[PDB]
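**Q** There's a structure below that I have some questions on.
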Amino acid sequence: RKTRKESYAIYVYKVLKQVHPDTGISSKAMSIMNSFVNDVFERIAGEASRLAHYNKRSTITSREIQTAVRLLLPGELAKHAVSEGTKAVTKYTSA
Amino acid sequence: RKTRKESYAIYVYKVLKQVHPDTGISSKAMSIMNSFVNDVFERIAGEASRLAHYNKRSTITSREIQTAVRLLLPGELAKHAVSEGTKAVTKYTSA
Amino acid sequence: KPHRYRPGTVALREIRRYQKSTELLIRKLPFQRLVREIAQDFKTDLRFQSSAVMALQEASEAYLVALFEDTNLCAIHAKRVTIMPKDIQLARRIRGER
Amino acid sequence: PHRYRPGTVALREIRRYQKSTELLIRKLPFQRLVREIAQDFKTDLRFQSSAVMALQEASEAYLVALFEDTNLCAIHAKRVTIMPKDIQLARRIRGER
Amino acid sequence: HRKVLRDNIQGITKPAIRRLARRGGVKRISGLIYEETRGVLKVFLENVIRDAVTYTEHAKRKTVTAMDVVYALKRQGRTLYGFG
Amino acid sequence: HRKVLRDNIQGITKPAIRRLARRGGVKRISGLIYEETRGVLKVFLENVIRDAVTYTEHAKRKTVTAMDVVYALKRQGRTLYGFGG
Amino acid sequence: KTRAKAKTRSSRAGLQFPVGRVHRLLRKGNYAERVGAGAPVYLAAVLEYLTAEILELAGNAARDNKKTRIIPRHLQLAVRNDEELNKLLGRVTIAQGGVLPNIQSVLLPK
Amino acid sequence: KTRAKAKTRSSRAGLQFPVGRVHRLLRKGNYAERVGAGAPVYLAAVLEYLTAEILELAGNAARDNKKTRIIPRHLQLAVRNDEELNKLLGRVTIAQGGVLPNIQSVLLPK
Amino acid sequence: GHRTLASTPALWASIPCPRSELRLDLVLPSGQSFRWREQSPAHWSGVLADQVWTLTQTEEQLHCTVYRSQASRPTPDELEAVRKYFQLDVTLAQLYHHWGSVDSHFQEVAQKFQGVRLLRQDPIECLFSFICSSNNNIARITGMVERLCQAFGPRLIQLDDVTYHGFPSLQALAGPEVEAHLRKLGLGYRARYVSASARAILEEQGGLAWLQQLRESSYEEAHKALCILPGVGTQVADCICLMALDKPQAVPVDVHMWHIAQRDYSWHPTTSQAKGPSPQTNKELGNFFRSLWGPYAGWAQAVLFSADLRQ
DNA sequence: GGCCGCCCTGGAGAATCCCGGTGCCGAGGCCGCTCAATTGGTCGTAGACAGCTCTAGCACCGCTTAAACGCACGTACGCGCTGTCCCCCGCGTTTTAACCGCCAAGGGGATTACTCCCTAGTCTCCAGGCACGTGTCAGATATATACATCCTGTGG
DNA sequence: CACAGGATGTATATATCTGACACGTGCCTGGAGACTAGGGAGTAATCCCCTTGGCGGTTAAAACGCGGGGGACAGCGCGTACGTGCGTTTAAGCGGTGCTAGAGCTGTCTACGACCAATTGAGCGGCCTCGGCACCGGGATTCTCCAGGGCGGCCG
């Protein structure tokens, strides 16, 4: 019985099963995925914090996250990420 | 009347007078020095915040600032900066 | 007989004069027009502060000067004194821009 | 005797070591080098195995990238052999010197 | 008040690129450099300006301030001193 | 046991540097490449290890963990995946 | 106290990544004094999309290698063969990933 | 009311840069939940030292150029002529600063 | 250091030589010799016969001093040798009067020039000094000769600035590898002209005896024999005949002489179809000078050359 | 009869530096004044310190064998040299559009109130995910080929 | 120099472990419900400042053209240096054991920092004002470049 360590194992596994129903992930690949998710989270959060501080706001909203995504993710990745985020936020507000 | 904006002009001028009593500064040079001070402040503060977050601390103390200075400034600059900071902290605590 | 300098000395004089100076090298109005044309593709009916255009011009000039220094080093590496597009491409590829 | 010509074995090695993914430097010499370097900074230091593995991964990636840049620099000079000046040029352009 | 600008990349003239190269320390310049150089310049701006515009969109402003360009350059690791 | 390690840079043997170059696409290697590569590797390792030991000293620890190396690499803009998070 | 059935915020948004965990991470990361309600949803959606894209490319790479399990080599191939992901992860080193097969045209025999 | 005479924290530590302003900037910058008492003093001392060093080098450059005012060119000369300052400001562009005089030996006439 | 008038009052030798009949500053630095240097005013110093002679000119006498080794009062044979070297037995007053009577231009030139005499050098020394005297300035040739003497000459003493040596021996110049060694010194192509003009003396002409037998030979035969040696053109051959073989009929012709003729005498090549340096033009100019002046026209040529330099 | 071998001073001409008067506009100092830094308490919890546990790191040993090391031979290649030719530099002349000053209009950036709704903060409750077991099958290993590839002599 | 055959990797097929991954389970701690309050932010109105646009004279700079000389580029020769292969030697690798330094968690509580009411002076803004710097004129100094110099042998 020690301190529980959180990670994105279950969520990455669920996403992989949704994409490829008959493909697995090794432990090293899962660790790389955890590091990738954490790094992207840190990048987006830092850009959102910078945007909030520059505009003299004290909150991070979906607008700040969208601007951060458009600044960080290049090319069609930015467009698709914006579309996915907008769809998720609209569905969340609807329900 | 407008909202007053703060800058490091007076302190840079005082330091310049202490170093070179018979030398002046230009407005462009003063703006450049102000930008340099802001950039170094941002670097050190961000590194100290990362150090505090990594070690599960919640307070930025002189130890974190010293570690950030060691991580950022190269060579003898770090040693002299640490010496100056230690002297300042000792004088502040003594008085 | 007209007095003509040999090919190269005027180039060195220009190098010394421009490295001794600090002024901007690209004309203001063409660069401003280029900036506005590029910004049109991102948002229509935009406005620019003068300081914004000056900052863009200074950043562009610094970037181009650094790129030309790297290009000159690449050209000298190939036992040449003339810079060619291949040198610029190599410098950009080493710096990671391509 | 069936000696291969000077360079076909080199291409075969290039293919083999670009298809593979294992570490190329021996682990114990690299570990000893890391400990020797760390001695200068703080005496009586201990290292986790994962720390040394991470250092070796980073070192190998950096050296491979530098060798790709060096190869590009060497080919730029109409040569197929890398020389120390190529490494110096690559590191100068990358901003490391 | 509609004014559309086109083919302004030729405004960066050949002597301007030569002056920039001389500032960099170049003795001889090939004839094909200039066009190449122009493209590079465009690409650079096509990054920086884009980021600036994004900031201008986030503030609900219609003007591009100097701080927007400074932040855009800071994103690419090209910190600029002298504009705030 | 107090032991001092010296002259371990030669442990990066000529075949090891050769294999690293082969992974990078190098076909022919000059004989003076090896010493320069050793110097470059030593400089890189010194830069990373200084930061890692700084992080370790700040945490009042005597063991250099993998996260310290990851943070040191992140400072130099060389983020490494697969060793924690 | 029997309240209404608890529904996860990930379920409300239709996402798989944890909205609550991202919200807590934002609140504890000192990014800002306040965090909006929709910011965790947006961030989780972006992370889920990026993970889905990279995993799809990695799975295709693994299938091309006649293996049914993603190893770091497949992740490296997926990242480097895709232009946008490579630009996103240009300064990122993947452990045990190797390098793309690339031999210069000059070095090949002729 | 009659309190003790107001003595600034900058004077207490023998510094010129403002300790109180740095304390406020750290507190409002969302860097940590709490900010120590000695952290602003240490940061102010570090900033004052760096400013003093760069200004000393800039003033030396100005004197070598026979001028009594520091301009951006002098700051550029000071930064690029010192190895440590150049390393600290490697990716920094100084406005109206120009470049160091440096012509390669191959190009010079012989 | 070089002896000054107040250095050694008892180490002088005075010979009758009036100022009108000789001008030291108008002869020695006028290209007639490349082994004399000036340090103090009205002083010259050069090594002849393995002895260093320093000469100064007074109002009516010429003073000389000798470096060897520690003896004074030079023997009268040295005085006879230097008198032969300076042609003290020949009076230039009659020649000047005759030239002024036949042509007023020489008198106009000689209005301020009076005493531009000629020397009688050793044939080997003069020949090897004038071999490297083609297409160069006087200072360059003098430095070249000094360096050659330093390299291949037996040193005598260091005169506080530079060692003084005797003229290089003929045996040391006819050996192999001499051309490359002298080109290392900086003699240029003329260095080869030295070698081809040394070995042929002993291996193709008959040694020093053949060269010395031309002092009493006919003018044309001696001139042709000198011209046979490689690198010995008409001008240097005439100079050697005039200043080493006692041939007053030899009149050197060169760019300075040609400029003087075309700017003051307006003489043009009649038989020759051009105005460039050619043996035919040289022969025509020599015949014209001999007809206009006489058999001693070489002295007038030297006077004009000295006047041309100082203008 | 030009012409280049070898190169070395001497002017001619153009660029740059130095000195001094002019003048102008921005750096520096002063001065009122408003807001943020300082005083003086008070309270809540962050972390410093002591203590205990048990993990992983360090050290040593045997002993297998893969890999490094040294050496010999040969040939692909870097490097120096030469020749050709072409294109970029230097300079003069003509065009053009940047620059500067002036003017005017108005777009929107910045400030101020006013309100409202959105998120931090509490308390309670429960189920989602984390640690732990465990079975089984995808991958690594070993062996055995069928084929792709490289290199060289014979043949014309 | 094209090509068939010999020799060497190389990928394809198949049996055979095995240990790493996918799935099932307990539970507890972190997330979800419900409610409140207070401040951050959205919105409307206004000041006015900074941007945009037009215009004409001035002239600096860009564009065009031409001659040629210096550099790029291709070819050729050669000689050292590096690839390739083989026999020896080294020490890396693996597994096994043993010890313990130190990472990691827990409990106290104390001192340190957040927060608030009250002052007050340091620093921002506005306004002179004069001296440092940009500049023009003229002269001296310096840097660059080419012609000619006591020429001679030669292939036109």
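All residue names refer to the structure tokens as shown: chains lettered A, B, ... in order, residues numbered from 1 in each chain, ligands numbered from 1 in order.
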If we count only C-alpha atoms (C1' of nucleotides), what is near residue 25 (chain D) at a cut-off of 8 Å, once residues fewer than 6 positions away on the same chain are taken out, given as a list in words?
**A** residues 56 and 60 of chain D; 12, 16 and 17 of chain F
**Q** Please identify the strand (DSSP E) residues within chain B (assignment by DSSP from backbone atoms) and present them as a VMD selection string.
**A** chain B and resid 24 to 25 59 to 60
**Q** Store the residues of this selection in a file with N, CA and C atoms, as a PDB file, in the first residue's frame.
**A**
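Final output, saved to selection-v8.pdb:
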```pdb
ATOM      1  N   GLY B  24      25.498  58.814 -19.726  1.00  0.00           N
ATOM      2  CA  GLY B  24      24.066  58.919 -19.874  1.00  0.00           C
ATOM      3  C   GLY B  24      23.475  57.754 -20.647  1.00  0.00           C
ATOM      4  N   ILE B  25      22.150  57.788 -20.766  1.00  0.00           N
ATOM      5  CA  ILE B  25      21.382  56.741 -21.421  1.00  0.00           C
ATOM      6  C   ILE B  25      20.429  57.398 -22.409  1.00  0.00           C
ATOM      7  N   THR B  59       5.492  27.288  -2.169  1.00  0.00           N
ATOM      8  CA  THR B  59       6.038  28.600  -1.858  1.00  0.00           C
ATOM      9  C   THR B  59       7.346  28.793  -2.604  1.00  0.00           C
ATOM     10  N   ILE B  60       7.508  29.957  -3.222  1.00  0.00           N
ATOM     11  CA  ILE B  60       8.771  30.344  -3.835  1.00  0.00           C
ATOM     12  C   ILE B  60       9.604  31.063  -2.785  1.00  0.00           C
TER      13      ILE B  60
END
```
**Q** For the full set of C-alpha atoms taken in order, report to one decimal the RMSD after fitting chain H onto chain G.
**A**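 Once chain H is fitted onto chain G, the C-alpha RMSD works out to 0.2 Å.
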**Q** By least-squares superposition of chain B on chain A, using all C-alpha atoms in order, what RMSD in Å to one decimal is obtained?
**A** 0.2 Å
**Q** Taking only C-alpha atoms into account, report as a ChimeraX atom specification which residues of chain E lie within 6 Å of chain H.
**A** /E:25,78-82
**Q** Could you turn the residues from that selection into a file that holds N, CA and C atoms, as a PDB file, in the first residue's frame?
**A**
```pdb
ATOM      1  N   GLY E  25      28.162  39.921 -44.077  1.00  0.00           N
ATOM      2  CA  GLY E  25      29.551  39.619 -44.358  1.00  0.00           C
ATOM      3  C   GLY E  25      29.756  38.798 -45.612  1.00  0.00           C
ATOM      4  N   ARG E  78      12.553  34.167 -30.666  1.00  0.00           N
ATOM      5  CA  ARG E  78      13.218  35.306 -31.289  1.00  0.00           C
ATOM      6  C   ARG E  78      12.922  36.577 -30.508  1.00  0.00           C
ATOM      7  N   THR E  79      13.129  36.518 -29.191  1.00  0.00           N
ATOM      8  CA  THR E  79      12.823  37.633 -28.303  1.00  0.00           C
ATOM      9  C   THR E  79      13.415  38.935 -28.824  1.00  0.00           C
ATOM     10  N   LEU E  80      12.573  39.959 -28.911  1.00  0.00           N
ATOM     11  CA  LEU E  80      12.952  41.262 -29.434  1.00  0.00           C
ATOM     12  C   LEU E  80      12.890  42.288 -28.314  1.00  0.00           C
ATOM     13  N   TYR E  81      13.965  43.051 -28.151  1.00  0.00           N
ATOM     14  CA  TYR E  81      14.049  44.075 -27.120  1.00  0.00           C
ATOM     15  C   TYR E  81      13.866  45.448 -27.746  1.00  0.00           C
ATOM     16  N   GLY E  82      13.018  46.268 -27.133  1.00  0.00           N
ATOM     17  CA  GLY E  82      12.895  47.645 -27.556  1.00  0.00           C
ATOM     18  C   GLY E  82      11.502  48.084 -27.951  1.00  0.00           C
TER      19      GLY E  82
END
```
**Q** How many Å lie between CA of residue 4 (chain E) and CA of residue 36 (chain C), rounded to one decimal?
**A**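 CA of residue 36 (chain C) lies 9.2 Å from CA of residue 4 (chain E).
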**Q** Once you count only C-alpha atoms, which residues of chain D turn out to be within 12 Å of chain C? Could you give them as an MDAnalysis selection string?
**A** chainID D and resid 65:79 83:96
**Q** Those same residues, written as a compact mmCIF listing (two decimals), in the first residue's frame with N, CA, C and O atoms?
**A**
```txt
# COMPACT_ATOMS: atom_id res chain seq x y z
N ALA D 65 21.66 12.81 -34.71
CA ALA D 65 21.24 14.02 -35.40
C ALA D 65 22.45 14.83 -35.87
O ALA D 65 22.46 15.35 -37.00
N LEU D 66 23.47 14.94 -35.02
CA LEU D 66 24.67 15.66 -35.40
C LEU D 66 25.37 14.98 -36.57
O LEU D 66 25.93 15.65 -37.44
N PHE D 67 25.34 13.65 -36.61
CA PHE D 67 25.96 12.94 -37.73
C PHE D 67 25.18 13.12 -39.01
O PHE D 67 25.77 13.20 -40.09
N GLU D 68 23.85 13.20 -38.94
CA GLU D 68 23.07 13.51 -40.13
C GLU D 68 23.41 14.91 -40.65
O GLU D 68 23.60 15.10 -41.86
N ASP D 69 23.50 15.89 -39.75
CA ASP D 69 23.88 17.23 -40.16
C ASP D 69 25.29 17.26 -40.74
O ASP D 69 25.55 17.95 -41.74
N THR D 70 26.21 16.52 -40.13
CA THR D 70 27.58 16.44 -40.62
C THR D 70 27.62 15.80 -42.01
O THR D 70 28.40 16.23 -42.87
N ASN D 71 26.80 14.78 -42.24
CA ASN D 71 26.75 14.15 -43.55
C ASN D 71 26.23 15.12 -44.60
O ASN D 71 26.75 15.17 -45.72
N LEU D 72 25.20 15.90 -44.25
CA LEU D 72 24.72 16.92 -45.18
C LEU D 72 25.80 17.94 -45.49
O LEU D 72 25.99 18.33 -46.65
N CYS D 73 26.53 18.38 -44.47
CA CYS D 73 27.60 19.35 -44.68
C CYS D 73 28.70 18.77 -45.56
O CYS D 73 29.25 19.46 -46.43
N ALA D 74 29.05 17.50 -45.35
CA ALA D 74 30.09 16.87 -46.16
C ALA D 74 29.65 16.71 -47.61
O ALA D 74 30.45 16.94 -48.53
N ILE D 75 28.40 16.32 -47.83
CA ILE D 75 27.90 16.19 -49.20
C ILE D 75 27.83 17.56 -49.87
O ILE D 75 28.02 17.67 -51.08
N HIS D 76 27.58 18.61 -49.09
CA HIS D 76 27.55 19.96 -49.66
C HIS D 76 28.90 20.34 -50.26
O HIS D 76 28.94 21.08 -51.24
N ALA D 77 30.00 19.85 -49.68
CA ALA D 77 31.33 20.15 -50.18
C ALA D 77 31.81 19.15 -51.22
O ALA D 77 33.02 19.03 -51.44
N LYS D 78 30.89 18.43 -51.86
CA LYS D 78 31.21 17.44 -52.89
C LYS D 78 32.17 16.38 -52.36
O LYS D 78 33.14 16.00 -53.01
N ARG D 79 31.88 15.90 -51.15
CA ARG D 79 32.65 14.83 -50.53
C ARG D 79 31.69 13.81 -49.93
O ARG D 79 30.55 14.14 -49.58
N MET D 83 34.44 14.87 -41.97
CA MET D 83 35.67 15.37 -41.39
C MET D 83 35.33 16.28 -40.23
O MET D 83 34.19 16.75 -40.11
N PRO D 84 36.28 16.54 -39.32
CA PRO D 84 35.97 17.37 -38.15
C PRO D 84 35.44 18.75 -38.50
O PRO D 84 34.62 19.30 -37.75
N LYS D 85 35.88 19.33 -39.62
CA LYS D 85 35.36 20.63 -40.03
C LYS D 85 33.87 20.56 -40.33
O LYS D 85 33.15 21.54 -40.11
N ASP D 86 33.38 19.41 -40.81
CA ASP D 86 31.95 19.26 -41.03
C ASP D 86 31.17 19.32 -39.72
O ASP D 86 30.14 19.99 -39.63
N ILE D 87 31.66 18.63 -38.68
CA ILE D 87 31.02 18.69 -37.37
C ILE D 87 31.07 20.11 -36.82
O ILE D 87 30.09 20.60 -36.25
N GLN D 88 32.22 20.77 -36.98
CA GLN D 88 32.34 22.14 -36.50
C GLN D 88 31.35 23.07 -37.19
O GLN D 88 30.71 23.90 -36.55
N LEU D 89 31.20 22.92 -38.51
CA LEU D 89 30.25 23.74 -39.24
C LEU D 89 28.82 23.46 -38.81
O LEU D 89 28.02 24.38 -38.63
N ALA D 90 28.47 22.18 -38.64
CA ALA D 90 27.12 21.83 -38.22
C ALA D 90 26.80 22.42 -36.85
O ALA D 90 25.73 23.00 -36.65
N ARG D 91 27.73 22.29 -35.90
CA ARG D 91 27.48 22.83 -34.57
C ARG D 91 27.47 24.35 -34.57
O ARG D 91 26.74 24.96 -33.78
N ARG D 92 28.27 24.98 -35.43
CA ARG D 92 28.24 26.44 -35.53
C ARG D 92 26.90 26.92 -36.07
O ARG D 92 26.34 27.90 -35.57
N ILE D 93 26.37 26.25 -37.10
CA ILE D 93 25.10 26.67 -37.67
C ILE D 93 23.96 26.40 -36.69
O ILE D 93 23.04 27.22 -36.54
N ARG D 94 23.99 25.25 -36.02
CA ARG D 94 22.96 24.93 -35.03
C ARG D 94 22.99 25.88 -33.84
O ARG D 94 22.01 25.94 -33.09
N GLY D 95 24.09 26.60 -33.64
CA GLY D 95 24.19 27.55 -32.56
C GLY D 95 24.88 27.04 -31.31
O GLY D 95 24.83 27.72 -30.28
N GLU D 96 25.53 25.88 -31.37
CA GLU D 96 26.19 25.32 -30.20
C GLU D 96 27.59 25.86 -29.99
O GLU D 96 28.19 25.60 -28.94
```
**Q** Output the contact residues of chain J with respect to chain D at a cut-off of 12 Å, based on only C-alpha atoms (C1' of nucleotides), as number ranges by chain.
**A** J: 55-58, 66-68, 73-79, 149-152
**Q** With C-alpha atoms (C1' of nucleotides) kept, could you save the residues just selected as a short mmCIF file (atom, residue, chain, number, x, y, z; two decimals), in the first residue's frame?
**A**
```
data_model
loop_
_atom_site.label_atom_id
_atom_site.label_comp_id
_atom_site.auth_asym_id
_atom_site.auth_seq_id
_atom_site.Cartn_x
_atom_site.Cartn_y
_atom_site.Cartn_z
"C1'" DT J 55 13.61 -0.50 -2.28
"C1'" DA J 56 16.74 -0.17 -5.07
"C1'" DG J 57 21.49 0.98 -5.67
"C1'" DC J 58 26.19 -0.38 -5.06
"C1'" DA J 66 30.40 -11.02 -28.43
"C1'" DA J 67 32.92 -7.33 -29.46
"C1'" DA J 68 36.93 -4.51 -29.65
"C1'" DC J 73 46.35 -5.17 -48.29
"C1'" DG J 74 44.29 -2.61 -51.87
"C1'" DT J 75 41.68 1.02 -54.18
"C1'" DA J 76 38.26 4.56 -54.00
"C1'" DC J 77 38.80 9.28 -53.12
"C1'" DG J 78 40.37 13.88 -51.30
"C1'" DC J 79 43.23 17.29 -52.83
"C1'" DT J 149 22.53 -9.10 -54.59
"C1'" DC J 150 27.45 -8.26 -55.35
"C1'" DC J 151 31.82 -9.34 -57.78
"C1'" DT J 152 34.68 -11.31 -61.16
#
```
**Q** Could you find all residues in region 125-282 of chain I that DSSP calls alpha helix (DSSP H) from the backbone, and write them as a PyMOL selection string?
**A** chain I and resi 125-131+138-152+170-173+178-185+190-195+199+207-212+219-228+234-244+255-260+279-282
**Q** Leaving out residue 85 (chain C) and any residue of its chain fewer than 2 positions from it, which residues lie within 8 Å of it when counting only C-alpha atoms (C1' of nucleotides), given as an MDAnalysis selection string?
**A** (chainID C and resid 83 87:89) or (chainID E and resid 30 32:33 36)
**Q** Since we have the selection now, will you write its residues out, keeping N, CA and C atoms, as a short mmCIF file (atom, residue, chain, number, x, y, z; two decimals), in the first residue's frame?
**A**
```
data_model
loop_
_atom_site.label_atom_id
_atom_site.label_comp_id
_atom_site.auth_asym_id
_atom_site.auth_seq_id
_atom_site.Cartn_x
_atom_site.Cartn_y
_atom_site.Cartn_z
N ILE C 83 27.94 33.07 -52.50
CA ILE C 83 26.82 32.36 -51.88
C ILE C 83 25.80 32.01 -52.96
N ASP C 87 23.47 26.94 -50.59
CA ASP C 87 24.01 27.28 -49.28
C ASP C 87 22.90 27.72 -48.32
N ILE C 88 21.97 28.54 -48.80
CA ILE C 88 20.84 28.96 -47.96
C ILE C 88 20.01 27.75 -47.56
N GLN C 89 19.74 26.86 -48.52
CA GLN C 89 18.96 25.66 -48.21
C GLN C 89 19.66 24.80 -47.17
N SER E 30 25.29 35.25 -55.74
CA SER E 30 24.79 34.69 -56.98
C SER E 30 23.50 35.39 -57.40
N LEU E 32 20.75 34.00 -58.46
CA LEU E 32 19.56 33.27 -58.05
C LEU E 32 19.27 33.40 -56.56
N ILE E 33 20.14 34.06 -55.80
CA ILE E 33 19.92 34.22 -54.37
C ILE E 33 18.66 35.03 -54.11
N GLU E 36 15.23 33.42 -54.08
CA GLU E 36 15.23 32.53 -52.93
C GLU E 36 15.07 33.32 -51.65
#
```
**Q** Hey, what's within 7 Å of region 18-23 of chain B if we count only C-alpha atoms (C1' of nucleotides) and toss same-chain stuff fewer than 4 positions away? As JSON, numbers by chain, please?
**A** {"B": [14], "H": [52, 56, 59, 68, 69]}
**Q** Save out the residues we just selected, N, CA, C and O atoms, as a PDB file, in the first residue's frame.
**A**
```
ATOM      1  N   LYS B  14      19.671  54.769 -11.736  1.00  0.00           N
ATOM      2  CA  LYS B  14      20.446  54.810 -10.498  1.00  0.00           C
ATOM      3  C   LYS B  14      21.633  53.859 -10.557  1.00  0.00           C
ATOM      4  O   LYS B  14      22.744  54.209 -10.137  1.00  0.00           O
TER       5      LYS B  14
ATOM      6  N   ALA H  52      23.805  46.024 -13.703  1.00  0.00           N
ATOM      7  CA  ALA H  52      25.067  46.715 -13.477  1.00  0.00           C
ATOM      8  C   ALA H  52      26.152  46.204 -14.411  1.00  0.00           C
ATOM      9  O   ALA H  52      26.916  46.994 -14.973  1.00  0.00           O
ATOM     10  N   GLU H  56      27.823  48.481 -17.260  1.00  0.00           N
ATOM     11  CA  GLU H  56      29.252  48.767 -17.210  1.00  0.00           C
ATOM     12  C   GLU H  56      29.908  48.474 -18.549  1.00  0.00           C
ATOM     13  O   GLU H  56      30.696  49.280 -19.061  1.00  0.00           O
ATOM     14  N   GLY H  59      28.788  51.157 -21.040  1.00  0.00           N
ATOM     15  CA  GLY H  59      29.475  52.418 -20.827  1.00  0.00           C
ATOM     16  C   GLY H  59      30.915  52.375 -21.295  1.00  0.00           C
ATOM     17  O   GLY H  59      31.431  53.357 -21.833  1.00  0.00           O
ATOM     18  N   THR H  68      29.028  60.063 -24.684  1.00  0.00           N
ATOM     19  CA  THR H  68      28.642  60.100 -23.279  1.00  0.00           C
ATOM     20  C   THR H  68      27.223  59.603 -23.037  1.00  0.00           C
ATOM     21  O   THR H  68      26.729  59.697 -21.910  1.00  0.00           O
ATOM     22  N   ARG H  69      26.556  59.082 -24.060  1.00  0.00           N
ATOM     23  CA  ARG H  69      25.237  58.483 -23.918  1.00  0.00           C
ATOM     24  C   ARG H  69      25.269  57.063 -24.459  1.00  0.00           C
ATOM     25  O   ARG H  69      25.880  56.798 -25.498  1.00  0.00           O
TER      26      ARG H  69
END
```
**Q** Can you list, as a list in words, every protein, DNA or RNA residue that comes within 6 Å of residue 116 (chain I) when you count only C-alpha atoms (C1' of nucleotides), leaving out same-chain residues fewer than 2 positions away?
**A** residues 22, 23, 26, 27 and 303 of chain I
**Q** Please produce, as a Markdown table, a per-residue contact table for chain K versus chain C (criterion: any atom at most 9 Å away, only C-alpha atoms (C1' of nucleotides) considered), showing the nearest atom pair and its distance in Å to one decimal, sorted by chain then residue number.
**A**
```
| residue | atom | partner | partner_atom | distance |
| --- | --- | --- | --- | --- |
| K:50 | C1' | C:49 | CA | 8.4 |
| K:51 | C1' | C:49 | CA | 7.4 |
| K:52 | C1' | C:47 | CA | 8.9 |
| K:69 | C1' | C:7 | CA | 7.7 |
| K:70 | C1' | C:7 | CA | 7.5 |
| K:71 | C1' | C:81 | CA | 8.1 |
| K:72 | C1' | C:80 | CA | 8.0 |
| K:144 | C1' | C:5 | CA | 7.4 |
| K:145 | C1' | C:5 | CA | 7.3 |
```
**Q** Extract, using only C-alpha atoms (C1' of nucleotides), all DNA, RNA and protein residues at most 7 Å from region 46-48 of chain F, discarding same-chain residues fewer than 3 positions from it, and format them as JSON, numbers by chain.
**A** {"D": [37], "F": [42, 43, 51, 52, 72, 73]}
**Q** Do you know which residues are at most 9 Å from region 38-48 of chain G counting only C-alpha atoms (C1' of nucleotides), after dropping those on the same chain fewer than 3 positions away, and could you put them as number ranges by chain?
**A** A: 11-12, 15, 37, 40-41, 44-45, 60-66, 69, 80-82, 84-89, 92-93; G: 9-10, 13, 15-24, 26, 35, 51-53
**Q** Would you list which chain K residues are within 9 Å of chain H using only C-alpha atoms (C1' of nucleotides), as a ChimeraX atom specification?
**A** /K:112-114,118-121,132-133
**Q** For the interface of chain G with chain B (cut-off 10 Å, counting only C-alpha atoms), please tabulate each contacting residue of chain G alongside its nearest pair of atoms and their separation in Å to one decimal, rows sorted by chain and increasing number, as a Markdown table.
**A**
```
| residue | atom | partner | partner_atom | distance |
| --- | --- | --- | --- | --- |
| G:28 | CA | B:53 | CA | 9.6 |
| G:29 | CA | B:53 | CA | 8.0 |
| G:30 | CA | B:49 | CA | 9.1 |
```
**Q** With 9 Å as the limit and counting only C-alpha atoms, what residues in chain C lie close to chain E? Please list them as a PyMOL selection string.
**A** chain C and resi 8+11-12+14-21+25-27+29-31+33-40+42-43+45-56+58-61+63-72+81-85+88
**Q** One decimal, Å: what's the distance from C1' of residue 32 (chain J) over to CA of residue 5 (chain H), could you say?
**A**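 A separation of 22.8 Å between them.
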